[PDB]
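Input: a single structure, listed below in structure tokens.
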Amino acid sequence: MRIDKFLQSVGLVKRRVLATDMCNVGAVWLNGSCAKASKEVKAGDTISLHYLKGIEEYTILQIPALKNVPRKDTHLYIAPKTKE
């Protein structure tokens, strides 16, 4: 599992292109560091995302090693970081 197919195959960003743009646009960021579309992710880690409306930093709860996580078990592997 990698940031490429991790957050792109969970239900966050759906697209149809053989060329990873998230890694080019500057959205792919692991551990507060820019990463390409070939960087493997780990459990209990962080997941940054760059957008035009604002930035989002999620956290990996675990790595189930899945291909396309539907809208059922896609709420126990990654979640938006926060401090209440």
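Going by my numbering, the letters in the sequence shown line up with residues 105 to 188, in that order. Cβ coordinates follow ideal geometry from the N, Cα and C atoms, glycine included.
Just to check my reading of the structure: residue i and residue j have Cβ atoms closer than 8 angstroms, yes? What is that Cβ distance to the nearest angstrom?
i, j, result
"residue 139", "residue 132", "5 angstroms"
"residue 126", "residue 169", "Actually they do not touch by this definition, with Cβ atoms about 20 angstroms apart."
Just to confirm the assignment, what range does the beta strand (DSSP E) spanning residue i have?
i, result
"residue 164", "160-164"
"residue 184", "182-184"
"residue 151", "150-153"
Where does residue i sit, in a helix, a strand or coil, going by DSSP?
i, result
"residue 134", "strand"
"residue 107", "helix"
What does the alpha-carbon distance come out to for the pair residue i and residue j?
i, j, result
"residue 178", "residue 108", "15 angstroms"
"residue 165", "residue 180", "6 angstroms"
"residue 157", "residue 112", "18 angstroms"
"residue 182", "residue 163", "5 angstroms"
Since residue i is in the alpha helix (DSSP H), which residue starts that stretch and which ends it?
i, result
"residue 117", "Looking at the DSSP string, residue 117 is not in any alpha helix (DSSP H), and its letter there is neither H nor E."
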